[PDB]
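A.B. asks: One structure, pasted below without further comment.
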Amino acid sequence: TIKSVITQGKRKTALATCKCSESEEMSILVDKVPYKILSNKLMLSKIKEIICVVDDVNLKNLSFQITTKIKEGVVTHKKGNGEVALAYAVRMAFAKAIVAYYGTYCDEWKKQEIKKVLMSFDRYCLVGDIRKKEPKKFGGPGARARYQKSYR
Amino acid sequence: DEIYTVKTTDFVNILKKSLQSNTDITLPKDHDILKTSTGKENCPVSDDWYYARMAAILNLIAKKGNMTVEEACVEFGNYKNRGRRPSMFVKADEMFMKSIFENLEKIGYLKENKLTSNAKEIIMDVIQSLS
Amino acid sequence: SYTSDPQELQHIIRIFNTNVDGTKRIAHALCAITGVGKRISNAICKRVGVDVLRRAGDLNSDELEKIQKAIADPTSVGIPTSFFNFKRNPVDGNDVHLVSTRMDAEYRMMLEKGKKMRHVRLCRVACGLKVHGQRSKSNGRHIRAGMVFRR
Amino acid sequence: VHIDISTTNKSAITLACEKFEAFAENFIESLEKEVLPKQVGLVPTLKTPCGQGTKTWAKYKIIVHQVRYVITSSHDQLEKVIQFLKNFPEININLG
Amino acid sequence: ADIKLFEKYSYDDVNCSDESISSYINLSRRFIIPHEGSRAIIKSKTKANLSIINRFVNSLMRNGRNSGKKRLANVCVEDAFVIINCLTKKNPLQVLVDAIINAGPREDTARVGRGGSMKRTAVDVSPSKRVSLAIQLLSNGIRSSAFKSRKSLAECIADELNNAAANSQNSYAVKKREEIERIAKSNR
Amino acid sequence: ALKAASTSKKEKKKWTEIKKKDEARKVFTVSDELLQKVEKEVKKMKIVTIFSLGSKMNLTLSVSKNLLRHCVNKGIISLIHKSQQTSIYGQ
Amino acid sequence: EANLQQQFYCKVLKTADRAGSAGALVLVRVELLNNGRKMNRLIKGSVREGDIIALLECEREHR
RNA sequence: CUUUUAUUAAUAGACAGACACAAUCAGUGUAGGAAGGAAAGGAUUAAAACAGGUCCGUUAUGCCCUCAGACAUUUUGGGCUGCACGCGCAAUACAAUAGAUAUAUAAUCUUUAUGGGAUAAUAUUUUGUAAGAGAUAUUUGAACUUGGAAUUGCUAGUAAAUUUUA
Ligand SMILES: [Mg+2]
Ligand SMILES: [Mg+2]
Ligand SMILES: [Mg+2]
Ligand SMILES: [Mg+2]
Ligand SMILES: [Mg+2]
C-alpha cells in the first residue's frame with residue numbers, strides 16, 4: 001500500500017499541512033509548484049537548510065506536497081503580507097514528516113539518529129512558538145506606548 | 001492545471017505576441033492615452049498593455065474555477081495618496097475590463113464562466129514551448 | 001557607428017514667448033509653460049508622433065510647426081474634450097484650453113466683473129480670504145490665501 | 001428536527017443534557033449533539049459622568065451558550081419529551 | 001555537502017587574528033540567508049551566541065523611515081560582497097573580520113566630576129563592549145557617505161570595509177578611532 | 001518668588017546662510033573621441049558600473065547607461081549581477 | 001596589521017564591586033599571561049570570569 | 001476572565017519539581033520539557049483625607065428667583081465655526097534605503113528640486129426641506145533641503161513602520 005503520514009506545524013496565524021508519500025523521485029510541491037522555481041527566496045532557503053543538514057541519500061525516494069493557509073479575521077489588499085510567517089510554518093511541518101515516516105514504517109535506530117542532528121541544529125524546528133502581539137491598553141496608542149503629556 | 005510548473009513572467013512574454021497577431025479584437029477609442037484607473041497617477045509607460053493584461057488574466061481563470069468581472073477589479077487595485085491624510089485602497093476600472101471580458105467571448109477563448117477547449121490547446125503549446 | 005545618442009544638441013528654445021530649454025525630454029521640458037501640465041504634455045506628443053524620449057535640443061523645425069499648431073488648435077489633432085480647462089466656459093459656451101497670455105488675461109477679467117456685482121465668494125478672492133469651508137482660528141496667520149502663481 | 005438550547009449560565013445547560021441523553025437516545029430514536037462557540041457583546045463606555053478627571057474606560061459583556069440537537073424521528077416520539085422534559089430557566093425552541 | 005554563506009562563499013577559511021576578541025566572535029551559526037527564529041537565543045543575559053552577519057544587517061535598518069525592512073537589507077549586502085570578492089580575490093568574510101578588529105577602539109576615558117574642576121580617568125574596554133562599539137561606527141560613515149550622493153548602498157559598503165581592514169586611514173571609522181585613542185592617552 | 005522666565009517669538013526664527021553657488025554642467029552628448037576613449041578603458045577595467053565612468057569622463061548617468069549597453073552588445077564585458085537595485089558589469 | 005603589535009594579554013580573576021558616577025564601571029583583579037603579576041584596574045564594559053582583556057599600557061595602577 | 005500544549009471539551013498539565021552553589025526563609029546557574037520562577041496580560045480592590053469635579057444626565061433634592069406675546073413651549077432665518085495675535089495634542093514632508101509604470105525583479109524612465117501638496121478656476125455628480133459639505137476630469141502649483149534654549153516615552157515579539165473592523 002501507499003504509506004502516508006500527515007503532520008501540521010503552525011505559527012502566530014499561519015498554518016501548514018504537509019503530506020508524505022512514497023515515490024521513486026524525490027519531489028517537493030508547494031501549492032503544486034516545484035520548489036526550485038519559487039520566487040520567495042526566504043521560503044526557498046529554509047527548505048534548502050534542511051535538505052543539506054541531513055543527507056539527500058537518506059531522503060532518497062519520498063514525495064512531499066504542501067498546502068498553506070492564513071486564518072480568517074483580517075483582510076489585506078497589500079502585497080507581501082504573509083511571507084516570513086508562512087515560511088517558518090512550512091519549515092516546521094516539513095521537518096515533522098521526515099521523522100514521522102522513519103518511526104512508523106522504517107527501522108527505529110535510524111530515527112533518533114537524524115533527530116539528534118536537527119535538535120543540535122535547532123530545538124525550535126519541531127515545536128511551535130509562544131510569542132504573539134501583546135494587546136493594546138487604553139490611555140495610549142500602543143501596548144507600552146503612552147500618550148505624550150505636557151504641563152507648562 | 002500545469003500552469004504552476006512554469007513562471008508567471010515568461011508565460012506572458014511569449015503569449016502576448018500571438019494575442020496581437022490574432023487581430024480579432026476591438027479596442028477602446030483612446031486606449032493609448034489614459035489612466036488604467038483613478039487610483040493611478042499617469043498613463044502606462046509600455047506601448048502595449050491591452051494585450052499583455054489579457055495574457056495576465058488568462059493565468060487566473062486557468063488556475064481557478066470561475067472568474068467574474070468584479071473579481072478582476074480587486075486584484076489590480078491601487079494605494080494612492082489623498083493628501084496629507086494617509087492613503088486609501090481603490091479598485092480598478094470596470095469599463096476597461098468589460099471590453100477585455102467581451103473580446104475573449106467574441107473570439108471564443110472563454111464561455112459563460114469557464115474556458116473553452118480552444119484556448120486550452122493554445123496554452124498547452126506554450127508550456128512545452130518554454131520547456 | 002553609434003546612434004543611440006545624438007551628435008550635437010541645442011540649449012534654449014523660444015516657443016509661445018517662454019524660454020523652454022535644457023537637455024530634457026519633450027515630456028518634462030514642455031511642463032515649464034503654464035497651462036500645460038504633466039498629463040497633457042504626454043497627451044499632445046503622442047498625436048504628433050514624436051517620441052517622448054527625445055531631447056528637445058536636437059529637433060527639426062518642421063516638427064516644431066506641428067507643435068505650435070497643436071497647442072493652439074487642440075480640437076483638430078484629435079484630443080478628446082475632457083482634457084480642457086474651460087470645458088463649457090461661461091463667457092463663450094464651447095470647450096477651449098488656456099495658454100499663458102490669454103490665460104492670465106481671461107482670469108483677471110473674471111475677477112473684475114464680480115466687483116461690480118459684489119459677489120461675496122468672488123471678492124474674498126481678491127483680498128485673499130479662504131473662499132471654501134476652512135476655519136480661520138489658528139492657521140494661516142502671516143500668509144495670504146488668494147490665487148497664486150510662480151514668480 | 002433541528003432543536004436548540006440557548007442559555008445564559010453554564011450550570012443550567014449541563015443538567016438538561018444527561019436528563020435528555022438518557023431519555024431520548026436509549027429509549028426510542030437516535031440523535032446528534034452539537035455545541036456552538038459563544039457570542040459576546042461589547043459596549044466600551046466611559047466611567048465618570050463628567051470630563052474632569054483621568055479618563056478611564058470599562059467593558060461590559062453578555063454571553064450566550066448554544067447547544068443544538070439534530071434529530072430525525074417519528075411524530076409523537078419527540079413531542080412527548082417536550083411536555084415531559086421542560087426545565088425551568090432554559091429556553092428550548094423546537095423546530096419540527 | 002555543507003551549509004554555505006550564499007551558496008558561493010564558505011563559513012570556513014576565515015580566522016580571527018585577535019585573541020581577546022575571538023571568544024565573542026561567532027562562527028558556529030550557519031545561514032544561507034541570515035535569519036533567526038529561536039526564542040531561546042534572543043531572551044538571554046549573554047551575548048556570546050549571536051551571529052556576526054546577523055548583527056551586521058541589524059545595523060542597516062536604522063532610521064525610523066527605514067525601520068522594519070530586512071528584505072531591502074539582504075539585497076544590498078549581496079551586491080556588496082560580490083564586488084569585494086572580485087577586486088581582492090579573497091574570501092569576503094575575511095575582510096569582514098579584519099574590519100571589526102581595526103576599527104575597534106582599545107581604551108576610553110571616563111568623566112567623573114562637575115564644573116571647572118572635573119576629574120578625567122583612563123580605563124580599559126571589555127571585549128563585549130569593543131565589538132558593540134565597532135559596529136556602530138561603521139554604519140554611520142556608510143549613512144553619511146551615501147545620504148545625498150549618487151553612490152548606491154551596495155557601492156559604499158565595499159570600499160568602506162576594504163579601507164578599514166587595510167588600515168588605509170581614508171575610511172571613516174579609522175579617523176574617529178584616531179582621536180579617541182589620543183584623548184584617553186593624554187588624559188592619563 | 002521662585003523663578004520668572006519669559007521667552008519671545010523672535011527667538012523661534014531660523015538663521016541660515018544664503019545659498020551655495022552653482023556648479024558647472026556635465027556633458028550630455030557623445031563625441032567621436034568619446035566613443036574611442038570609453039572602449040579602450042573599459043577593457044582594462046574589471047568591474048564597471050554606472051557611477052564609475054561618469055565620475056571619470058564627467059558624463060551624466062543617463063547617457064552612461066547606453067554606453068554600458070553598447071559595450072555588452074560587443075564581446076568585451078558581461079553583466080555579472082542584476083537586481084532591482086544595482087546592476088554590475090564585469091568580465 | 002600594525003595595530004596588532006600593541007596588545008598585551010592578561011586574564012581576569014574575579015569581580016570585586018561596582019563603582020562609578022552612576023554605577024557604570026566595575027573593578028576587577030587581573031593577572032598577566034606573560035609573567036606572574038596581580039593588577040587592579042577599572043574597565044567600562046560588562047565582563048564575566050575567565051575573560052581575556054586587550055590593553056595598551058600595562059604599567060599604570062589603581063590606588 | 002483572556003491567550004498557549006494535549007485529549008474523552010471540560011479535563012489534565014507547573015510544584016521552584018531536579019542537580020549544584022556551607023545554615024532555616026531565600027536568591028542564582030545548568031538540564032529536561034508547549035510553558036521555569038507572580039506562565040503572559042487584565043479585572044476586582046482596606047481604614048483615612050481633598051471645601052478636587054459634577055445642580056447643563058435624571059419625576060434626586062433644600063433655599064432663592066420668574067407666572068401667560070410667561071425666564072414656559074412651538075415656528076422661520078442667523079450663530080456656537082468669526083480674524084491683528086500667544087499656546088497645547090496630532091497627520092503628511094524635506095527624496096536613490098526614493099518616485100512613476102508594470103507581468104510586481106518582463107522591460108524602461110527620472111540621476112537633482114519629475115521630492116511636496118497647500119490655495120484657487122472650469123466642468124460632471126452623491127446625501128439632505130435646505131451646501132463655502134463628500135466624490136471625478138484637466139490646470140494652478142506655497143513654505144519646506146533635518147529645525148534655538150528646553151523637554152516626553154521606552155528593556156521583547158518591546159520600541160519603530162505599514163495595514164485593519166465597531
Ligand atoms: Mg473647589
Ligand atoms: Mg416664552
Ligand atoms: Mg424656556
Ligand atoms: Mg492616530
Ligand atoms: Mg510627486
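Letters for chains follow the order of the C-alpha cells (A, B, ...), residue numbers begin at 1 for each chain, and ligand numbers begin at 1 in the order shown.
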Can you pull out every residue with an atom within 9 Å of ligand 3? Use only C-alpha atoms (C1' of nucleotides) and all ligand atoms and format it as a PyMOL selection string.
C.D. replies: chain H and resi 71-73
A.B. asks: Give me, as a ChimeraX atom specification, all polymer residues having an atom no more than 9 Å from range 7-24 of chain E, counting only C-alpha atoms (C1' of nucleotides) and skipping those fewer than 6 positions away in the same chain.
C.D. replies: /E:30,32,47-50,91-94,97-98,101,127-128,130-131 /G:4,9-10,51-54
A.B. asks: Select, as a ChimeraX atom specification, those residues of chain A with any atom no more than 12 Å from chain D (distances computed using only C-alpha atoms).
C.D. replies: /A:137-140
A.B. asks: Would you list which chain B residues are within 8 Å of chain H using only C-alpha atoms (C1' of nucleotides), as a ChimeraX atom specification?
C.D. replies: /B:8-10,12-13,41-46,52-53,56,83-86
A.B. asks: If you measure from CA of residue 87 in chain D to CA of residue 74 in chain D, what distance in Å do you get, rounded to one decimal?
C.D. replies: 22.8 Å
A.B. asks: What's around range 110-118 of chain B at 12 Å? Count only C-alpha atoms (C1' of nucleotides), leave out sequence neighbours fewer than 6 positions away in its own chain, and write the answer as a PyMOL selection string.
C.D. replies: chain B and resi 57-69+100-104+124-125
A.B. asks: Residues contacting ligand 1 - anything with an atom at most 9 Å away, using only C-alpha atoms (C1' of nucleotides) and all ligand atoms - can you give me those as a PDB file with N, CA, C and O atoms (P, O5', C5', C4', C3', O3' and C1' of nucleotides), in the first residue's frame?
C.D. replies:
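What ended up in pocket_5.pdb:
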ATOM      1  P     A H  51      -8.708  71.349  50.311  1.00  0.00           P
ATOM      2  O5'   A H  51     -10.085  72.093  50.021  1.00  0.00           O
ATOM      3  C5'   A H  51     -11.065  72.269  51.039  1.00  0.00           C
ATOM      4  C4'   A H  51     -12.411  71.768  50.580  1.00  0.00           C
ATOM      5  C3'   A H  51     -12.919  72.378  49.274  1.00  0.00           C
ATOM      6  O3'   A H  51     -13.642  71.394  48.541  1.00  0.00           O
ATOM      7  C1'   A H  51     -14.478  72.789  50.996  1.00  0.00           C
ATOM      8  P     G H  52     -13.590  71.385  46.939  1.00  0.00           P
ATOM      9  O5'   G H  52     -12.289  70.530  46.598  1.00  0.00           O
ATOM     10  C5'   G H  52     -11.167  71.121  45.963  1.00  0.00           C
ATOM     11  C4'   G H  52     -10.825  70.404  44.684  1.00  0.00           C
ATOM     12  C3'   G H  52     -11.974  70.248  43.701  1.00  0.00           C
ATOM     13  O3'   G H  52     -12.120  71.391  42.874  1.00  0.00           O
ATOM     14  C1'   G H  52     -10.869  68.171  43.983  1.00  0.00           C
ATOM     15  P     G H  53     -13.558  72.061  42.631  1.00  0.00           P
ATOM     16  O5'   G H  53     -14.219  71.157  41.502  1.00  0.00           O
ATOM     17  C5'   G H  53     -13.692  71.136  40.187  1.00  0.00           C
ATOM     18  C4'   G H  53     -14.339  70.061  39.356  1.00  0.00           C
ATOM     19  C3'   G H  53     -15.855  70.080  39.320  1.00  0.00           C
ATOM     20  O3'   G H  53     -16.347  70.992  38.359  1.00  0.00           O
ATOM     21  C1'   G H  53     -15.079  67.867  39.683  1.00  0.00           C
TER      22        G H  53
END
A.B. asks: Which distance in Å separates CA of residue 50 in chain G and CA of residue 12 in chain G, to one decimal?
C.D. replies: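 Computed distance, CA of residue 50 in chain G to CA of residue 12 in chain G, equals 5.9 Å.
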A.B. asks: Run DSSP on the backbone and tell me which residues of range 6-61 of chain G come out as strand (DSSP E); list them as a PyMOL selection string.
C.D. replies: chain G and resi 8-18+26-32+39-43+52-55
A.B. asks: Pick out the closest residue to chain H from this set: C:28, C:119, C:47, C:113. Count only C-alpha atoms (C1' of nucleotides).
C.D. replies: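 Checking each candidate against chain H, we get C:28 as the closest.
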A.B. asks: How far is it from CA of residue 118 in chain A to CA of residue 45 in chain E, in Å with one decimal?
C.D. replies: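 Separation between CA of residue 118 in chain A and CA of residue 45 in chain E: 24.8 Å.
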A.B. asks: Please identify which residues in range 79-126 of chain C DSSP calls helix (DSSP H, G or I) from the backbone, and express them as a PyMOL selection string.
C.D. replies: chain C and resi 81-83+100-117+120-126
A.B. asks: Please return, as a list in words, all residues of chain F lying within 9 Å of chain E when only C-alpha atoms are considered.
C.D. replies: residues 46, 47, 51, 81, 82, 83, 84, 85, 86, 87 and 88 of chain F
A.B. asks: Can I get the selected residues back with C-alpha atoms, as a PDB file, in the first residue's frame?
C.D. replies:
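Now in again_29.pdb:
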ATOM      1  CA  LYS F  46      37.401  44.717 -14.325  1.00  0.00           C
ATOM      2  CA  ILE F  47      34.134  45.613 -12.556  1.00  0.00           C
ATOM      3  CA  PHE F  51      28.551  55.949 -11.416  1.00  0.00           C
ATOM      4  CA  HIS F  81      24.896  40.501 -11.446  1.00  0.00           C
ATOM      5  CA  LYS F  82      21.471  42.119 -11.709  1.00  0.00           C
ATOM      6  CA  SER F  83      18.850  43.088  -9.144  1.00  0.00           C
ATOM      7  CA  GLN F  84      16.249  45.825  -8.917  1.00  0.00           C
ATOM      8  CA  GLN F  85      18.778  47.981  -7.063  1.00  0.00           C
ATOM      9  CA  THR F  86      22.046  47.808  -8.977  1.00  0.00           C
ATOM     10  CA  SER F  87      23.493  46.005 -11.988  1.00  0.00           C
ATOM     11  CA  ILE F  88      27.179  45.035 -12.093  1.00  0.00           C
TER      12      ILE F  88
END
A.B. asks: Would you write out, as JSON lines, a table of all residues in chain F that have an atom no more than 9 Å from an atom of chain H, listing for each the closest atom pair and the distance in Å to one decimal, considering only C-alpha atoms (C1' of nucleotides) and ordering rows by chain and rising residue number?
C.D. replies:
{"residue": "F:9", "atom": "CA", "partner": "H:86", "partner_atom": "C1'", "distance": 8.8}
{"residue": "F:11", "atom": "CA", "partner": "H:148", "partner_atom": "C1'", "distance": 6.8}
{"residue": "F:12", "atom": "CA", "partner": "H:148", "partner_atom": "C1'", "distance": 6.6}
{"residue": "F:13", "atom": "CA", "partner": "H:148", "partner_atom": "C1'", "distance": 8.2}
{"residue": "F:14", "atom": "CA", "partner": "H:148", "partner_atom": "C1'", "distance": 7.7}
{"residue": "F:60", "atom": "CA", "partner": "H:111", "partner_atom": "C1'", "distance": 7.2}
{"residue": "F:61", "atom": "CA", "partner": "H:111", "partner_atom": "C1'", "distance": 5.8}
{"residue": "F:62", "atom": "CA", "partner": "H:111", "partner_atom": "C1'", "distance": 6.8}
{"residue": "F:82", "atom": "CA", "partner": "H:105", "partner_atom": "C1'", "distance": 8.7}
{"residue": "F:83", "atom": "CA", "partner": "H:105", "partner_atom": "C1'", "distance": 6.1}
{"residue": "F:84", "atom": "CA", "partner": "H:105", "partner_atom": "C1'", "distance": 5.4}
A.B. asks: Store the residues of this selection in a file with N, CA, C and O atoms, as an mmCIF file, in the first residue's frame.
C.D. replies:
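After the write, result07.cif holds the following:
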data_model
loop_
_atom_site.group_PDB
_atom_site.id
_atom_site.type_symbol
_atom_site.label_atom_id
_atom_site.label_comp_id
_atom_site.auth_asym_id
_atom_site.auth_seq_id
_atom_site.Cartn_x
_atom_site.Cartn_y
_atom_site.Cartn_z
ATOM 1 N N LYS F 9 8.763 85.338 20.650
ATOM 2 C CA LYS F 9 8.566 84.709 19.353
ATOM 3 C C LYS F 9 9.671 85.107 18.380
ATOM 4 O O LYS F 9 9.733 84.590 17.261
ATOM 5 N N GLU F 11 12.801 84.536 19.031
ATOM 6 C CA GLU F 11 13.842 83.523 19.150
ATOM 7 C C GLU F 11 13.572 82.334 18.242
ATOM 8 O O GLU F 11 14.489 81.575 17.912
ATOM 9 N N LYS F 12 12.319 82.146 17.831
ATOM 10 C CA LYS F 12 11.962 80.920 17.125
ATOM 11 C C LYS F 12 12.282 81.006 15.638
ATOM 12 O O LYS F 12 12.097 80.030 14.903
ATOM 13 N N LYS F 13 12.751 82.157 15.168
ATOM 14 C CA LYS F 13 13.110 82.278 13.762
ATOM 15 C C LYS F 13 14.449 81.606 13.498
ATOM 16 O O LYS F 13 15.338 81.610 14.353
ATOM 17 N N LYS F 14 14.588 81.027 12.311
ATOM 18 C CA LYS F 14 15.820 80.355 11.938
ATOM 19 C C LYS F 14 16.790 81.330 11.279
ATOM 20 O O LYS F 14 16.394 82.296 10.623
ATOM 21 N N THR F 60 26.896 62.541 -17.472
ATOM 22 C CA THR F 60 25.671 62.279 -16.735
ATOM 23 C C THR F 60 25.314 60.801 -16.850
ATOM 24 O O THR F 60 25.747 60.102 -17.771
ATOM 25 N N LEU F 61 24.539 60.313 -15.884
ATOM 26 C CA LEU F 61 24.349 58.871 -15.771
ATOM 27 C C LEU F 61 23.330 58.362 -16.782
ATOM 28 O O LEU F 61 23.271 57.160 -17.058
ATOM 29 N N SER F 62 22.523 59.262 -17.345
ATOM 30 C CA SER F 62 21.512 58.847 -18.314
ATOM 31 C C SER F 62 22.145 58.450 -19.642
ATOM 32 O O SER F 62 21.634 57.569 -20.343
ATOM 33 N N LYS F 82 22.582 41.207 -11.493
ATOM 34 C CA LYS F 82 21.471 42.119 -11.709
ATOM 35 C C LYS F 82 20.414 41.930 -10.630
ATOM 36 O O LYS F 82 19.998 40.806 -10.339
ATOM 37 N N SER F 83 19.995 43.045 -10.040
ATOM 38 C CA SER F 83 18.850 43.088 -9.144
ATOM 39 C C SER F 83 18.048 44.328 -9.500
ATOM 40 O O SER F 83 18.361 45.034 -10.462
ATOM 41 N N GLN F 84 17.010 44.598 -8.706
ATOM 42 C CA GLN F 84 16.249 45.825 -8.917
ATOM 43 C C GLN F 84 17.048 47.044 -8.475
ATOM 44 O O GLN F 84 16.823 48.156 -8.968
#
A.B. asks: Could you list the protein, DNA and RNA residues that have any atom within 7 Å of ligand 5, counting only C-alpha atoms (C1' of nucleotides) and all ligand atoms, and write them as an NGL selection string?
C.D. replies: :H and (99 or 115-116)
A.B. asks: Which neighbours of range 38-44 of chain D fall inside 7 Å, counting only C-alpha atoms (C1' of nucleotides), when residues of the same chain fewer than 2 positions from it are skipped, and could you give them as a PyMOL selection string?
C.D. replies: chain D and resi 36+57-65
A.B. asks: Take the residues from that selection and write them out as a compact mmCIF listing (two decimals), in the first residue's frame, keeping N, CA, C and O atoms.
C.D. replies:
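Everything below was put into part15.txt:
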# COMPACT_ATOMS: atom_id res chain seq x y z
N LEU D 36 -22.20 25.09 19.84
CA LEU D 36 -21.69 26.22 19.08
C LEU D 36 -20.84 27.11 19.97
O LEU D 36 -21.09 27.24 21.17
N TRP D 57 -11.93 53.75 30.96
CA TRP D 57 -12.97 53.05 30.22
C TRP D 57 -13.29 51.72 30.89
O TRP D 57 -12.46 51.17 31.62
N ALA D 58 -14.49 51.21 30.64
CA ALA D 58 -14.95 49.93 31.18
C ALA D 58 -15.63 49.15 30.07
O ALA D 58 -16.28 49.73 29.20
N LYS D 59 -15.47 47.83 30.10
CA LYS D 59 -16.03 46.96 29.07
C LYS D 59 -17.05 46.01 29.69
O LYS D 59 -16.70 45.18 30.53
N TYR D 60 -18.30 46.13 29.26
CA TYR D 60 -19.35 45.23 29.72
C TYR D 60 -19.55 44.11 28.71
O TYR D 60 -19.16 44.20 27.55
N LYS D 61 -20.17 43.02 29.17
CA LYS D 61 -20.28 41.81 28.37
C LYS D 61 -21.57 41.07 28.69
O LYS D 61 -22.17 41.26 29.75
N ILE D 62 -21.98 40.21 27.76
CA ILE D 62 -23.09 39.29 27.95
C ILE D 62 -22.86 38.09 27.04
O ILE D 62 -22.53 38.25 25.86
N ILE D 63 -22.99 36.89 27.60
CA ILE D 63 -22.56 35.66 26.93
C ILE D 63 -23.79 34.78 26.70
O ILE D 63 -24.69 34.74 27.54
N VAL D 64 -23.82 34.10 25.55
CA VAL D 64 -24.89 33.18 25.19
C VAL D 64 -24.27 31.83 24.84
O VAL D 64 -23.39 31.76 23.97
N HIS D 65 -24.73 30.77 25.50
CA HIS D 65 -24.31 29.41 25.20
C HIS D 65 -25.32 28.77 24.25
O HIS D 65 -26.53 28.94 24.42
A.B. asks: Skipping near chain neighbours, those fewer than 5 positions away, what residues fall within 12 Å of range 58-63 of chain G using only C-alpha atoms (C1' of nucleotides), listed as an MDAnalysis selection string?
C.D. replies: (chainID E and resid 121:124 185 188) or (chainID G and resid 6:10 27:35 37:43 53)
A.B. asks: Give the answer as one residue: which of H:49, H:1, H:68, H:31 has the shortest atom-to-atom distance to ligand 2, using only C-alpha atoms (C1' of nucleotides) and all ligand atoms?
C.D. replies: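 Counting only C-alpha atoms (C1' of nucleotides) and all ligand atoms, the residue closest to ligand 2 is H:68.
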A.B. asks: Residues at most 10 Å from residue 128 in chain C, counting only C-alpha atoms (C1' of nucleotides), excluding those fewer than 3 positions away in the same chain, as a VMD selection string?
C.D. replies: (chain C and resid 123 to 125 131 143 to 147) or (chain H and resid 119)
A.B. asks: Would you mind exporting the chosen residues as a PDB file, in the first residue's frame, restricted to C-alpha atoms (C1' of nucleotides)?
C.D. replies:
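Result file follows (result27.pdb):
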ATOM      1  CA  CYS C 123     -14.435  89.478  -3.755  1.00  0.00           C
ATOM      2  CA  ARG C 124     -12.801  87.467  -0.969  1.00  0.00           C
ATOM      3  CA  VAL C 125     -10.501  86.006  -3.618  1.00  0.00           C
ATOM      4  CA  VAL C 131     -13.480  81.024  -0.042  1.00  0.00           C
ATOM      5  CA  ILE C 143       0.319  84.045   4.782  1.00  0.00           C
ATOM      6  CA  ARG C 144      -2.090  85.192   2.075  1.00  0.00           C
ATOM      7  CA  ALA C 145      -4.776  82.980   0.539  1.00  0.00           C
ATOM      8  CA  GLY C 146      -5.568  84.318  -2.931  1.00  0.00           C
ATOM      9  CA  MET C 147      -4.741  82.902  -6.325  1.00  0.00           C
TER      10      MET C 147
ATOM     11  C1'   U H 119      -4.518  77.637  -2.269  1.00  0.00           C
TER      12        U H 119
END
A.B. asks: As a compact mmCIF listing (two decimals) with N, CA, C and O atoms, in the first residue's frame, please: the residues near range 2-17 of chain D (cut-off 9 Å, only C-alpha atoms (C1' of nucleotides), same-chain neighbours under 3 positions excluded).
C.D. replies:
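File produced: out-v3.txt:
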# COMPACT_ATOMS: atom_id res chain seq x y z
N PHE D 20 -31.61 14.54 29.17
CA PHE D 20 -32.14 14.35 27.82
C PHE D 20 -31.44 13.20 27.10
O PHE D 20 -32.03 12.56 26.23
N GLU D 21 -30.18 12.94 27.44
CA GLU D 21 -29.42 11.94 26.70
C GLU D 21 -29.88 10.54 27.05
O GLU D 21 -29.90 9.64 26.20
N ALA D 22 -30.27 10.33 28.31
CA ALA D 22 -30.76 9.02 28.73
C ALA D 22 -32.18 8.78 28.24
O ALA D 22 -32.56 7.64 27.95
N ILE D 62 -21.98 40.21 27.76
CA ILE D 62 -23.09 39.29 27.95
C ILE D 62 -22.86 38.09 27.04
O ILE D 62 -22.53 38.25 25.86
N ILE D 63 -22.99 36.89 27.60
CA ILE D 63 -22.56 35.66 26.93
C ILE D 63 -23.79 34.78 26.70
O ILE D 63 -24.69 34.74 27.54
N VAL D 64 -23.82 34.10 25.55
CA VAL D 64 -24.89 33.18 25.19
C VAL D 64 -24.27 31.83 24.84
O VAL D 64 -23.39 31.76 23.97
N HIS D 65 -24.73 30.77 25.50
CA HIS D 65 -24.31 29.41 25.20
C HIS D 65 -25.32 28.77 24.25
O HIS D 65 -26.53 28.94 24.42
N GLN D 66 -24.82 28.01 23.27
CA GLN D 66 -25.66 27.39 22.26
C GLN D 66 -25.28 25.92 22.10
O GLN D 66 -24.13 25.61 21.75
N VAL D 67 -26.23 25.03 22.35
CA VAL D 67 -26.09 23.60 22.08
C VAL D 67 -27.30 23.17 21.26
O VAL D 67 -28.45 23.41 21.66
N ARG D 68 -27.05 22.55 20.11
CA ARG D 68 -28.11 22.17 19.18
C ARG D 68 -28.15 20.66 19.02
O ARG D 68 -27.11 20.00 19.00
N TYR D 69 -29.36 20.11 18.92
CA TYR D 69 -29.58 18.70 18.62
C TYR D 69 -30.20 18.58 17.23
O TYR D 69 -31.06 19.39 16.86
N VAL D 70 -29.76 17.58 16.47
CA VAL D 70 -30.32 17.28 15.15
C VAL D 70 -30.88 15.87 15.20
O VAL D 70 -30.13 14.89 15.21
N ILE D 71 -32.21 15.77 15.25
CA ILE D 71 -32.91 14.50 15.43
C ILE D 71 -33.85 14.30 14.24
O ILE D 71 -34.47 15.24 13.75
N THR D 72 -33.93 13.06 13.76
CA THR D 72 -34.96 12.68 12.81
C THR D 72 -35.69 11.47 13.36
O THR D 72 -35.08 10.42 13.60
N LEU D 85 -39.86 16.87 29.47
CA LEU D 85 -38.54 17.38 29.84
C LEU D 85 -38.44 18.89 29.67
O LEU D 85 -37.44 19.40 29.17
N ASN D 87 -37.54 22.05 31.33
CA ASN D 87 -36.83 22.53 32.50
C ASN D 87 -37.08 24.02 32.72
O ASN D 87 -37.57 24.73 31.85
N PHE D 88 -36.72 24.49 33.92
CA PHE D 88 -37.27 25.74 34.44
C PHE D 88 -36.66 26.99 33.81
O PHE D 88 -37.41 27.76 33.19
N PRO D 89 -35.32 27.28 33.89
CA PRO D 89 -34.88 28.60 33.39
C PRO D 89 -34.58 28.64 31.90
O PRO D 89 -34.62 29.72 31.30
N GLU D 90 -34.26 27.50 31.30
CA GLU D 90 -33.75 27.49 29.94
C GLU D 90 -34.88 27.62 28.94
O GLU D 90 -36.03 27.27 29.22
N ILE D 91 -34.55 28.14 27.76
CA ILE D 91 -35.47 28.14 26.63
C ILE D 91 -35.06 26.97 25.75
O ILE D 91 -33.89 26.57 25.73
N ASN D 92 -36.04 26.35 25.09
CA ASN D 92 -35.77 25.32 24.10
C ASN D 92 -36.78 25.49 22.97
O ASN D 92 -37.84 24.85 22.98
N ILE D 93 -36.44 26.33 21.99
CA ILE D 93 -37.30 26.49 20.83
C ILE D 93 -37.11 25.29 19.91
O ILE D 93 -36.01 25.04 19.40
N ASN D 94 -38.18 24.53 19.71
CA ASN D 94 -38.14 23.31 18.92
C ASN D 94 -38.70 23.58 17.53
O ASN D 94 -39.79 24.13 17.39
N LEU D 95 -37.93 23.20 16.51
CA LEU D 95 -38.34 23.37 15.13
C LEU D 95 -38.55 22.00 14.51
O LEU D 95 -37.59 21.30 14.16
N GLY D 96 -39.82 21.61 14.37
CA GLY D 96 -40.19 20.29 13.90
C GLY D 96 -39.96 20.04 12.43
O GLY D 96 -39.90 18.90 11.98
